[PDB]
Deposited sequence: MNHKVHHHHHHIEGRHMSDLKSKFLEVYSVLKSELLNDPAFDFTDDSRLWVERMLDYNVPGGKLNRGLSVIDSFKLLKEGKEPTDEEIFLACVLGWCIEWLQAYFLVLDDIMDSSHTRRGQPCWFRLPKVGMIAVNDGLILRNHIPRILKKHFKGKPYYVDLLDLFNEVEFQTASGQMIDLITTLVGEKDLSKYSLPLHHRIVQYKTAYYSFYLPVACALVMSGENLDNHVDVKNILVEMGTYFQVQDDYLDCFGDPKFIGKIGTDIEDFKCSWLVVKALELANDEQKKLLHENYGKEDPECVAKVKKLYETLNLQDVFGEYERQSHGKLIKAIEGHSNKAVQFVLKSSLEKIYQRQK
């Protein structure tokens, strides 16, 4: 129903981009861009993109959204998926990764290499082209541009602190802390994964985003909790191997004794299954599955009370639906 229409809208947007009047395409560059698009953009699960349409429908009370609206919401969802693909291509380059969704990373294919860097740029610059094409006549056009620019800035800044914390500070693991993890996760994932889709739906609904700081705070907290879920599922996956500032290692560094904190310092993300076995058993000995369960339900309580504090029924429906889609997930 909606998902099929979303993929159809992908085909529409790709056609428009490959007939863009701002660039003089030839067969070579048109085929290059179309292969790059098909390899990097539509292959994911597209949850963030479709949540735009979901949120827009719930904010239109319990009524029917029209046809234009459905198309527009799909276009904004695809803008979010384009943003994510743009970040992922460059992240795979920076992480020297090999595989994504079971296929080689874009930059790993022999005819691309570091060209993929520029491809990342292309992906990002497709978002204005799309927006201009479908929202230039709308009165909230500039709000869209400001929203996407600010969320992109925040995601890049979160990636920066993740990079510097890890690669520039794996001397002392003491560095990893609970506020540092919270900040990294809030800026790198929460704004674009949870705030941005609902903010798109709100802007389309005619709302001023400056009157919805409550919604933004709640969604940022919910995204932090989502990424904690991700950190937990990576181990219970190469976070330990990659010396990442995971929630699990941070909680372990706060709950262990001097001997177990010595164990962590002397076996964290330093190659070999050996080293990765010791970390997992330290996690078991501290019973980090019960700490994560307690954190999980406690966060759930926080979020539901905060959500029921809001004065708009549709907003409550949106936030409650977002929460239950991830509550006690295994994937």
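Absent C-alpha positions map to the deposited sequence ranges 1-18, 255-263, in order along the chain.
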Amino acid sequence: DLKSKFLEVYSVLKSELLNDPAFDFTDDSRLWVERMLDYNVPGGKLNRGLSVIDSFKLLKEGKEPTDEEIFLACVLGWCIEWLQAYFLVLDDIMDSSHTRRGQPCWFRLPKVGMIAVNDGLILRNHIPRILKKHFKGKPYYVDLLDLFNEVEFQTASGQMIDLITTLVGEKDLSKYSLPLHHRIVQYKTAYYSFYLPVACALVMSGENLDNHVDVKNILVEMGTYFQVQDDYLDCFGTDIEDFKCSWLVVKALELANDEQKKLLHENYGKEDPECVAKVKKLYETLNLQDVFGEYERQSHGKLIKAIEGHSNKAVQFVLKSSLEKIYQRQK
From here on, numbers count along this sequence of modelled residues.
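Here 46-54 and 260-268 are compared by their mean Cα B-factor, and 260-268 comes out higher.
32-40 and 63-71 differ in mean CA B-factor, and the higher of the two is recorded for 63-71. Among 101, 175, 212, 181, the highest C-alpha B-factor in the deposited entry belongs to 175. Highest CA B-factor among the listed residues (156, 109, 218, 168): 168. Among the modelled residues of its chain, residue 128 has a C-alpha B-factor that falls in the lowest third according to the deposited record. In this PDB entry, the Cα temperature factor of residue 236 sits in the top third of its chain's modelled residues, the highest group. Among the modelled residues of its chain, residue 15 has a C-alpha B-factor that falls in the lowest third, as given in the PDB entry. Among all modelled residues in this chain, the alpha-carbon of residue 254 has a temperature factor (C-alpha) in the highest third. Residue 160 sits in the middle third of its chain by CA B factor, as recorded in the PDB entry.
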